[PDB]
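Visitor: A structural model of the following input is requested.
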Amino acid sequence: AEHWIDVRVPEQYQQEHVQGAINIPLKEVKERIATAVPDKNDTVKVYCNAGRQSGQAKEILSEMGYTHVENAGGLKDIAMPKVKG
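Guide: Residues are numbered from 1 along each chain as shown. Shown next is the structure:
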């Protein structure tokens, strides 16, 4: 399976995000990715403004032992539709 998780800061998620995703900001991801994605084998697609929070989330998630995290891109570059908070 997979999940789309925006990891930018929560105030920036609300501006506009890829449709049908959830938001777990980089700041909060540690406390909560385990609740949103309880099985590590699941495919975690991460994005944000400009990829950073995703690249960073990818490091800590690999360390937490998720083996299938992928930076989908950044908000802009991702060709998928978007909706606003």
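Visitor: between its first and last residues, how far does stretch 56-69 reach?
Guide: 11 Å (CA to CA, to the nearest Å).
Visitor: again, but for stretch 19-38
Guide: Here the two ends of stretch 19-38 are set 22 Å apart, with distance taken as CA to CA.
Visitor: what sits against the closest residue to residue 1 other than its chain neighbours?
Guide: Here the nearest residue to residue 1 in space, its sequence neighbours aside, is residue 42; by CB to CB, 6 or more residues apart in numbering that works out to 5.4 Å. In this view, the C-beta of every residue, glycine as well, is placed from N, C-alpha and C. Neighbouring residues of residue 42 by CB atoms under 8 Å, 6 or more residues apart in numbering: 1-3, 68.
Visitor: in a helix, that's where residue 26 is, yeah?
Guide: No: when DSSP: H, G, I helix; E, B strand; the rest coil is applied, residue 26 is found to be coil, with no helix at that position.
Visitor: now for it, how many residues are close by?
Guide: Around residue 26 there are 18 other residues, counting by other CB atoms under 10 Å.
Visitor: picking that back up, out of the contacts of residue 42, which comes closest to residue 37?
Guide: Distances from residue 37 to these, taken as CB to CB, are shortest for residue 3 (5.9 Å).
Visitor: helix, strand, or coil at that closest one?
Guide: Each residue gets one of three states, and residue 3 gets strand by three-state DSSP.
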